[PDB]
Amino acid sequence: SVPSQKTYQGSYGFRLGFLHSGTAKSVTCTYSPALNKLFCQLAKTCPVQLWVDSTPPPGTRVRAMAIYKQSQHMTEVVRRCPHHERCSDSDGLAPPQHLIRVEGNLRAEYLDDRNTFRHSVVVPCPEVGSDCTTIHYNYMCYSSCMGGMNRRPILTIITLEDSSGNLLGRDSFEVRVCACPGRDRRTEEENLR
Ligand SMILES: [Zn+2]
């Protein structure tokens, strides 16, 4: 099977938002609207905003999952490479095999799907004075990792779910985990032009 990647705002007007971090060679995470693609360094904080037009019910959750972007690879489970899955960089909560972690949320749950074997991380659902909520993700392998992503592009799919896991909303973005996100974004954006 292959998870749907179709954008779906749903009843609550769910969609993502990204900061404007620029493309300085020092930057650790940067998002390209033109490419709908996030470029980030290994294991660095990736702030992703969650926007809604109205507040979803108590018990609503937000799940993240990675899939390969190319159709010929889409049935393969995205996982950490043979090196990184064994490097004992556990935060005590994320399984060592999971590519995507949520940073600084003790209520994060990590799922190994019993049927598809795919990995995901899910958190429960702004503060006073704020207009959106932000989740902080980490990507724990480089796009280039041999025996893992192996230079294949991935997408992250973010789904808004009810307490049963039923779909309420969906958005997605491509991700490249690389040493120099600023330069790579600049390069790919120029290539697109
Ligand atoms: Zn790796």
Side-chain angles (χ1 to χ4, degrees), residues 5 7 15-51 62-70 72-74 76-105 108 110 119-121 123 126 130-158 171-193:
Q5 64 181 84
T7 297
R15 74 280 188 177
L16 307 175
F18 298 85
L19 300 178
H20 307 272
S21 308
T23 60
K25 64 177 170 179
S26 54
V27 80
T28 59
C29 178
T30 186
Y31 174 75
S32 169
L35 298 165
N36 185 31
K37 185 172 176 167
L38 184 71
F39 299 77
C40 61
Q41 289 180 344
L42 176 63
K44 304 290 193 178
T45 304
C46 298
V48 178
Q49 302 173 338
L50 307 175
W51 292 88
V62 179
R63 181 180 308 275
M65 178 190 288
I67 62 169
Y68 287 110
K69 178 185 167 178
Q70 295 162 302
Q72 64 269 33
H73 296 303
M74 212 173 285
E76 179 176 338
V77 167
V78 179
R79 60 170 60 260
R80 296 177 87 193
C81 73
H83 167 66
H84 280 115
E85 76 168 7
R86 300 183 62 238
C87 70
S88 305
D89 55 6
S90 161
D91 59 7
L93 192 41
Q97 301 94 325
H98 284 219
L99 178 68
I100 304 177
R101 297 183 182 173
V102 171
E103 194 171 8
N105 189 331
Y110 290 83
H119 309 159
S120 56
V121 58
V123 300
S130 269
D131 294 323
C132 72
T133 300
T134 302
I135 299 189
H136 301 105
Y137 292 111
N138 298 155
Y139 292 82
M140 306 300 306
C141 255
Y142 286 114
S143 290
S144 66
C145 280
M146 293 302 307
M149 286 180 285
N150 189 29
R151 290 173 263 98
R152 296 173 295 180
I154 60 160
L155 306 179
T156 296
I157 301 174
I158 306 297
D171 203 345
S172 62
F173 53 98
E174 185 174 343
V175 176
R176 175 182 170 77
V177 190
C178 55
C180 192
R183 161 178 288 179
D184 288 355
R185 179 179 165 194
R186 269 184 273 115
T187 297
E188 302 198 15
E189 289 196 349
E190 194 49 44
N191 288 354
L192 175 65
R193 277 180 155 176

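We count residues from 1, following the sequence as given.
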Please give me the minimum heavy-atom distance between [X] and [Y], naming the atom from each residue.
| X | Y | answer |
| --- | --- | --- |
| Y142 | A179 | CE2-N, 4.1 Å |
| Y139 | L42 | O-CD1, 3.6 Å |
| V27 | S21 | CG2-O, 3.7 Å |
| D91 | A94 | OD1-N, 2.7 Å |
| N105 | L93 | O-CD2, 4.3 Å |
| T156 | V175 | OG1-CG2, 3.3 Å |

Are the side chains of [X] and [Y] in touch, meaning some heavy atoms are under 4.5 Å apart?
| X | Y | result |
| --- | --- | --- |
| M65 | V78 | no |
| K37 | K69 | no |
| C81 | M146 | no |
| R101 | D89 | yes |
| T45 | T28 | no |
| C141 | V177 | no |

- Under 4.0 Å between a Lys/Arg side-chain N and an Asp/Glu carboxylate O for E85 and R80? no

- Do the ring planes of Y31 and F18 sit parallel (below 30°), tilted (30 to 60°) or perpendicular (above 60°)? parallel

- Query: Among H83, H84, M140, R151, which one satisfies side-chain contact (heavy atoms from CB on, under 4.5 Å) with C145?
  - Reply: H84

- Pick from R186, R185, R193: which one makes a side chain to side chain donor-acceptor pair (under 3.5 Å) with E189? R185

- Query: Does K44 offer a backbone N or O that forms a donor-acceptor pair with the side chain of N138 under 3.5 Å?
  - Reply: yes

- Query: Is the NZ or CZ atom of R152 both under 6.0 Å from the centre of the six-membered ring of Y68 and within 45° of that ring's axis?
  - Reply: yes

- Query: Do other residues, nucleotides or ligands put more than 12 heavy atoms under 6.0 Å from the CZ atom of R183?
  - Reply: no

